[PDB]
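Here's the structure we're looking at; comments come further down.
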Amino acid sequence: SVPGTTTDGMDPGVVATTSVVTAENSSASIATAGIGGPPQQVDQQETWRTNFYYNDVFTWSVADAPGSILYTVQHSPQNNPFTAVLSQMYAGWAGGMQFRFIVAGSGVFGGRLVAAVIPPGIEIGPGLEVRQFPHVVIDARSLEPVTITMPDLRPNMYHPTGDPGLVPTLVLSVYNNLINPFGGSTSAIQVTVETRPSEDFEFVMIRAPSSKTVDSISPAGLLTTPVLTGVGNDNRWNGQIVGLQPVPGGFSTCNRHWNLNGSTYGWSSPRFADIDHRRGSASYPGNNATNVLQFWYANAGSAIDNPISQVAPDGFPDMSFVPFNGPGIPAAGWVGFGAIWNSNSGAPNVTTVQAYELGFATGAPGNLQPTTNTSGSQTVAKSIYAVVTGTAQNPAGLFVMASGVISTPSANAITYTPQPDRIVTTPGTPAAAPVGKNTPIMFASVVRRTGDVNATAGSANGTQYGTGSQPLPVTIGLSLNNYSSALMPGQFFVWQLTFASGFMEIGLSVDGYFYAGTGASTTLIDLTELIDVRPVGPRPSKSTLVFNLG
Amino acid sequence: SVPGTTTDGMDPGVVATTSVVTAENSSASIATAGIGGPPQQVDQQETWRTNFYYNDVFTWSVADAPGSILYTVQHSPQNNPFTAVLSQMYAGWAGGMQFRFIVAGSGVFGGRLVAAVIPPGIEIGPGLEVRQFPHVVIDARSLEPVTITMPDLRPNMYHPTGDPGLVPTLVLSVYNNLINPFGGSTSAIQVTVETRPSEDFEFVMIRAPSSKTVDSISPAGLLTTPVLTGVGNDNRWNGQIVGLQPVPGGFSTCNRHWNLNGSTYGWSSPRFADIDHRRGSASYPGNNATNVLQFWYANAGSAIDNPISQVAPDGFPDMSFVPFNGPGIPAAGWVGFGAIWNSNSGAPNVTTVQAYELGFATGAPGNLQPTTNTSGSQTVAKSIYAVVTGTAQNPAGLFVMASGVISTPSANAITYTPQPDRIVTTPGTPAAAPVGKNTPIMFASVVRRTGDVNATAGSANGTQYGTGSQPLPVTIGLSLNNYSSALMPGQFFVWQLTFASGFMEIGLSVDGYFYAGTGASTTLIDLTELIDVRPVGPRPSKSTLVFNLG
Amino acid sequence: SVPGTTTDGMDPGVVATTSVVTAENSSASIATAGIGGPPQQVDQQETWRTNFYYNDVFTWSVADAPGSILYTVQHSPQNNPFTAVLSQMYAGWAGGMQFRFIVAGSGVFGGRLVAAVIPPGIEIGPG
C-alpha cells in the first residue's frame, strides 16, 4: 500500500486525458516521423525517459480572476533538461511530452485550475478563453498529482532543431477563484510543473555536434550565472553589472544594441575600442591661447571608419551634450581622456590632452544644444578642463579612449547618467515600451566620476551608477548568431534569477531589450546575492513576470 | 560482393586483437560497473553507437625513425563527438572504445606502424618502447581498415565524469621506417583515426545538466572558434587577437595569468579596469613648475586595493620602466592616460593629466632603472609629455585608465613591446620553457601607438603588435573553474586550428601557457584565415605539435 | 562475367548506404507524397530513370588537405539532366537520388574520399 501523500518520480499520478490526445494522432505522428529514419533515443527503460524532472513553479493567489493565465509553456525539447541536451546531437525531433502538476494546497482551500492544449497558430495572452477549449479541471484540494500529455499537433513532418515551426502551447489558467475561507495574509498556493517525454517522443536523424551549436538554436546560453554576478560588463560603460535599474517610462537604445535578428542600428562593434576619426574640424574660442577650452566637431554621416554605419565612429557614446562654458564642470555626461592628432602625420600633439566630454549636438559655431536624433546633428567633443594652447586645424583628428567616467560638478553622486531623455538614437530603432506590468530595465554598473576617483560601491560619498541596455556577453553573442526562428514577435525569452531570499524573472524581447515585471517600481535591484541563472524558454509578452525579493 | 576499396561507416574492417582485450576484463568491467545502477545508453542499434566518427588525422613521413610516436590518445569519452555530449547528463562512464585506422598508402609504399594499449600509470613520451608491449603491426600497404579495441583497464569501479582517474593510453608509433622506393618530395602518407564506443561502453548514473557543466570538467570550451578570430582579446592590451607570436627563447608572465589550478600569481582581476592607488608619493624635479614632468611612485607590497595580491593595484601593467628624461619620447612602454587626485577629497586635479607611462623601477629619488623582480621594487609612473605645474603631495593618489598605447619615439613601428627581458614577475611563477620542438607563444594584437594614432593592421607606416600570454576569455574561464583533474603535469590540452590553406596545433600547459610547435621559428602567424577551432584532448608535452600553413 | 573495367549505364557498381537509406524512410516518403495527387513519371522501365547520366566532373589535387569540400550538391531535380528537363515540366518533386562516383586513378595512387549525407537543417560552411 502506497499512500497518496508520497509520490514516486516515475509515478504519473492520475492520467487526465484531453480530446486532442487521440490514437489517430499518435499513429499518424510515428507513421510520418518515419521519414527521419528509425526513431532514436527510444529505449523505454532509460532514466531520463521514465522520471519527471523539474520544469517550473508558479504562484496561484486569491487575487487572480477566472480566465487569468498563470502558466504557459511552449512545446519544445527545451522543456526537459535531458531532451535539451540530446537535441545537441540530433537534427530533428517529433512526438509528445507529458506534464505533471503537483498542487500544494490543503483540504481547507477551494477553487480550481484548468488545463487546455491550445493548437498552434492561436495567439496566447489575455483574452484567451482557456475554459472554452477541450480542457481538464483540477481542484486545489488535489493530493495525487495530475498529468496531461501534450500531443504533437504539427503541420510539419518533424520539427527541425534550429527552426521547429508551429508547436502547441499549454496553459494553466484559473477556472475558479482560489478561496481561503479564513481571510488573511496567507492567500497564495503553489503549483509545480515537471516534465517527461511521452512514449511517442523521438529524435529522427543524427548530426555532428560541431554543427550549429547551442549558441545558435536558442538564446539560452547568452545569460549564464557568472555573467550576471561578477564577470559580464555592460554595453555602455565597461563596468561590472551590479544591478537592474527599472525604467517605468521606457527608453530606447541605438548604439551597441543588437536584436535577435543579429543586426544593430548603432555605430559600434560589440567591444570597447577607441574612438578615432579623421578630418573633423577643431577650433578654440577667442584669440588668446591660455587656459583655453578645446572644441572639436564633425558632421554625422561622414565618418568613414566603420564597416557597419557611419553616423559616428566606433565606440562613440550615445549621450547628448550638456553644454558648459568657462570653469564649470558639466553634469551627467560621458567624459573620456582624449587628444587631437594632425591628419597629415598621425602624430598626436603634445599638450592638448584632457578629459573630453564626448557627445552629440546640433549647432556647433553658435549656441550649443543637446540633441537626440542623428540626422542633421553632428558628433561634437569638448574638453572639460583647461588646456594650454590648442589646434585649430580643419582636417584634424580626434582620439579618445574606450571607457569613460562621469562628469560631476561636485563630489556628491547623482542618479544614473544615461537617462532616456538624453540618449542619441538613429531614426528607425524600436522603442522599449512597457507591456502590461512588465517594464524595460537597464543593467546598472558602478562607474566612477571626476568628482571622486575613489568612489566605489558602498562608498560614504554615494555610489554612481551607469546603465546600459544589454550585457556585453549578450550583445557579443547576439552579433554572431541568428535567433529569428527562436522567438516570434509578441514574446520574451525568460530567465529565472534566484537570490538568497527570493526570486525574479527577466525576459528578452525580439528587439533586444530586457524586461522585468515590477510595475511602476523604480528601485534598483541589488544583484549581489544572485546565485542561480537558468532559462525557462519562450513566454508571452503580455504576462507579468514573477518578482518577489523575499 | 563489396570491394575493399570502399568502406561502410559501420564496418569495423579487420578486428585486430591484443592480449589486453580479454573476456575476463569485459566480464569484470560489467560486473563491477553495475554499482552505478543499470547501464545507460546501451541500445545497440543507435546511430552514435554503430558508426565510426572522426577523431584525428596525422602524418607519417619517411623521416620518422622506428620507435617515434606519431599518435597518442587518452581513454576518455571526449574522443567520440557523441559520448562527449552524452557525458553532460551522466555522472560516470565505464567501458571500452574501438579505434579504426585507415592508412592511405598505395601498394608501392613500404614500412609499418605498431599499435599497443599502454596500461595506466606508465609515462608516455620519447623513450617509450611501443614494440615491446603486446602490439599489432599494420602495413602501410593495407587497404581494408584495421580496428583495435581499447579495454577499460581501470583501478576504479567507474570513471567519474569530472575526475576520471587513471586511464589507458593508445599509441601509434613507427614499427618500420616508411620507404618510398622512388625518392623525392612525395615522402609522407596519412593515417586517419575514427572512434566508436565498444559493446561494453556505458554511462552509469544520471545527473542534472545544471550541475558541474562543460566548462568545469574539461577546458575544451575555453578556446572556441569566434574567440580566436574576431571577438576575444588578450590579457595585456584589450585588442583583437590577430596573430600568434612564437617566443623561441621562452618567457614568463605573472600578471593576469591563471593556471589550470584556478589561481593567479599576479595582481589583476580577469578584466580591464582602472588602476587606482591611494597614498603613493608624488613629486616634480627642480623648482620651476613650467613644462615639468610629473613623477609618481609607491613601494610594492603596500597597495591595499585588491582581494588577491598587493604588489601592485588592479590593472597595473607588468612592464619594466624604460627611463627617459626631458623632451624625449620613451620606446616600447605601456603608456596610458592618467591623472593625480588628492587623498583627502578624492577630487582629481585640473591640469595634471597626460599620457603617463606606467611601470616598475628600483630606485625612485636618484637614477631610474628597469626591474623585473617585484620584491624590493616599486610601482612607478611618470608622464611622457609636459604638464604645467604638478602635485608634490606625499599621500597623493594615481588614477590611470584601463587600456594602453605604445610609446614610440617616431611614427615608425617597432617589434612587439612585451619582450621577455622586460616583463615584471613575482618570485614563484613558473617559466614557459620550450619542450622539444614546441615553443611558447603569445597572442599578438594590433595596438596603436603615440607615434601614429591611425596605425591599424596593414597600415603603410607599419603595424604595431602587443602580445599577451593568454586570451581574455581563456583566463576568464580559468579563474572560475578548476581543471586539476583534467591534465596531469607533463601534458598539453591541444586544439586544432585549421586555416584556409593548412592547419596547426596549439596546446595549453598546466601552468597556463600556450605552445605551438614551430621550433626556432619566430615568424608571426597570420590568424586571419582561421575558420575552425576544435579540441582534440590531452596529449603528451614532449610531442611535436603538427604545424604546416600550406 | 564483366571484369570491372567496363561499367554499364544501368550498373550501380557497389552500393554504399551510410545510415540514412532506410526502408521505412522510403515508405514514409512514398505515402506522404500523394498530397500532390497521383505520382507522375513513375515507371521503372523508362530509360531516363534506369540509366546513370553525367552531372558534373571535378578534380582532386594533391594540394587538397583533409576536410576540403570537393563536390557539394543540395537535393534538387537539377542534379540529373533529364530530371532537370522534367523539372520545368512539373511543379514539385519528392524522392531520393542515387549518385554514382567513378574515380579515374591507377593502382599507384593513394588517398581517400569521404562522402556524407547532411541533414536538411544543418548550415553548411566553414565550421
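None of the figures in this text is laboratory data; all of them are computed from the coordinates on show. So basically every Cβ, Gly included, is an ideal-geometry build from the backbone, and we count neighbours across all protein chains shown.
At a glance:
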{"read-out": "Failed item, numbered, when residue C:95 is tested on (1) within 14 Å of chain A (Cβ to nearest Cβ); (2) within 30 Å of residue A:482 (Cα to Cα); (3) not hydrophobic (A, V, I, L, M, F, W, C)", "value": "(2)"}
{"read-out": "Residue tally, condition under 24 Å from residue B:54 (Cα atoms), among the aliphatic types (A, V, I, L, M) and within 13 Å of chain C (Cβ to nearest Cβ), over the stretch B:101-131", "value": "3"}
{"read-out": "Unmet requirement for residue B:313, which otherwise passes all of (1) within 14 Å of another protein chain (Cβ to nearest Cβ); (2) in contact with a strand residue (DSSP E or B) (Cβ under 8 Å, 6 or more places away or on another chain); (3) part of a strand (DSSP E or B)", "value": "(3)"}
{"read-out": "Boolean, residue A:41 is touching a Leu at 6+ places or on another chain (Cβ under 7 Å), facing another protein chain (nearest Cβ under 10 Å) and not aromatic (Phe, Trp, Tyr)", "value": "yes"}
{"read-out": "Residue satisfying all of: in the stretch C:10-41; more than 28 Å from residue C:115 (Cα to Cα) and part of a loop (DSSP other than H, G, I, E, B); nearest to the chain's Cα centre (by Cα) among these", "value": "C:41"}
{"read-out": "Subset of the stretch B:246-303 that is assigned to a strand (DSSP E or B) and under 21 Å from the mean Cα position of the chain (by Cα) - its residue that is nearest to residue A:453 (Cα to Cα)", "value": "B:264"}
{"read-out": "Among the residues listed as B:255, B:233, B:238, the single one being within 14 Å of chain A (Cβ to nearest Cβ), farther than 22 Å from residue A:225 by Cβ and buried (at least 23 other Cβ atoms within 10 Å of the Cβ)", "value": "B:238"}
{"read-out": "Residue ranges of strands (runs of 3 or more DSSP E) in the stretch B:55-150 with at least 1 members surrounded by 22 or more Cβ atoms within 10 Å (Cβ to Cβ) and more than 27 Å from the chain's Cα centre (by Cα)", "value": "B:92-94, B:97-103, B:110-118, B:146-150"}
{"read-out": "Condition met for residue A:406 (away from chain B (no Cβ under 14 Å), more than 30 Å from residue A:510 (Cβ to Cβ) and among the aliphatic types (A, V, I, L, M))", "value": "no"}
{"read-out": "Residue tally, condition small (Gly, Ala, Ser), assigned to a loop (DSSP other than H, G, I, E, B) and crowded, with 21+ Cβ neighbours inside 10 Å, over the stretch A:404-436", "value": "2"}
{"read-out": "Pick from the stretch B:372-403, criterion closer than 30 Å to residue B:524 by Cβ and buried (at least 16 other Cβ atoms within 10 Å of the Cβ), ranking: farthest from the other protein chains (Cβ to nearest Cβ)", "value": "B:372"}
{"read-out": "Index of the failed condition, residue C:16 passing every other in (1) touching a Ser or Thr at 6+ places or on another chain (Cβ under 8 Å); (2) over 30 Å from residue B:45 (Cβ atoms); (3) within 14 Å of another protein chain (Cβ to nearest Cβ)", "value": "(2)"}
{"read-out": "Filter result (without any contact (Cβ under 8 Å) to a residue 40 or more places away in the chain and among the aliphatic types (A, V, I, L, M)) within the stretch B:2-53", "value": "B:2, B:23, B:28, B:31"}
{"read-out": "Check on residue A:166, aliphatic (A, V, I, L, M), in contact with a strand residue (DSSP E or B) (Cβ under 7 Å, 6 or more places away or on another chain) and away from every other protein chain (no Cβ under 14 Å)", "value": "no"}
{"read-out": "Selection from the stretch B:538-550 of residues that are closer than 18 Å to residue B:228 by Cα and buried (at least 17 other Cβ atoms within 10 Å of the Cβ)", "value": "B:547"}
{"read-out": "Residues of the stretch B:342-369 satisfying the condition of being of a type in the set (A, V, I, L, M), more than 15 Å from residue B:299 (Cβ to Cβ) and not in a loop (DSSP other than H, G, I, E, B)", "value": "B:350, B:353, B:355, B:358"}
{"read-out": "Any hit, the stretch B:356-370, residues being surrounded by fewer than 18 Cβ atoms within 10 Å (Cβ to Cβ), under 19 Å from residue B:396 (Cα atoms) and within 10 Å of chain A (Cβ to nearest Cβ)", "value": "no"}
{"read-out": "Residues of the stretch B:261-279 classified as surrounded by fewer than 18 Cβ atoms within 10 Å (Cβ to Cβ) and either in contact with a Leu (Cβ under 8 Å, 6 or more places away or on another chain) or away from chain A (no Cβ under 13 Å) (or both), total", "value": "3"}
{"read-out": "Residues of the stretch B:234-290 satisfying the condition of being among the acidic types (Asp, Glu) and touching a helix residue (DSSP H, G or I) at 6+ places or on another chain (Cβ under 9 Å)", "value": "B:234"}
{"read-out": "Among residues of the stretch A:197-230, those that are within 12 Å of chain B (Cβ to nearest Cβ), in a loop (DSSP other than H, G, I, E, B) and of a type in the set (A, V, I, L, M), counted", "value": "4"}
{"read-out": "Candidate set: the stretch A:441-489, residues that are of a type in the set (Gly, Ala, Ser), outside any loop (DSSP other than H, G, I, E, B) and away from chain B (no Cβ under 13 Å); chosen: the one nearest to residue A:335 (Cα to Cα)", "value": "A:468"}
{"read-out": "Neighbours by Cβ (under 7 Å, 6+ apart or cross-chain): first from the stretch C:60-80, among the hydroxyl-bearing types (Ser, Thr, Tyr); second exposed (fewer than 11 other Cβ atoms within 10 Å of the Cβ) and in a loop (DSSP other than H, G, I, E, B)", "value": "C:71/C:56; C:71/C:58; C:72/C:124"}
{"read-out": "Matching option when the condition is in contact with a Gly (Cβ under 9 Å, 6 or more places away or on another chain) and surrounded by fewer than 20 Cβ atoms within 10 Å (Cβ to Cβ), among B:208, B:282, B:300, B:220", "value": "B:220"}
{"read-out": "Residues satisfying the stated conditions in the stretch A:517-540, i.e. more than 17 Å from residue A:246 (Cα to Cα) and either under 15 Å from the mean Cα position of the chain (by Cα) or not in a loop (DSSP other than H, G, I, E, B) (or both)", "value": "A:532, A:533, A:534, A:535, A:536, A:537, A:538, A:539, A:540"}
{"read-out": "Residue that is nearest to the other protein chains (Cβ to nearest Cβ) [pool: residues in the stretch B:517-537 that are under 19 Å from residue B:491 (Cβ atoms) and surrounded by fewer than 21 Cβ atoms within 10 Å (Cβ to Cβ)]", "value": "B:534"}
{"read-out": "Which numbered condition residue A:25 misses (of (1) within 14 Å of another protein chain (Cβ to nearest Cβ); (2) over 26 Å from residue A:140 (Cβ atoms); (3) among the polar types (S, T, N, Q))", "value": "(1)"}
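Yes/no matrix, rows are residues, columns are (1) on the phi > 0 side of the Ramachandran plot; (2) within 40 Å of the chain's Cα centre (by Cα); (3) among the hydroxyl-bearing types (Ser, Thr, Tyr):
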site: A:313; (1), (2), (3): no, yes, no
site: A:321; (1), (2), (3): no, yes, no
site: A:340; (1), (2), (3): no, yes, no
site: A:345; (1), (2), (3): no, no, yes
site: A:350; (1), (2), (3): no, no, no
site: A:370; (1), (2), (3): no, yes, no
site: A:387; (1), (2), (3): no, no, no
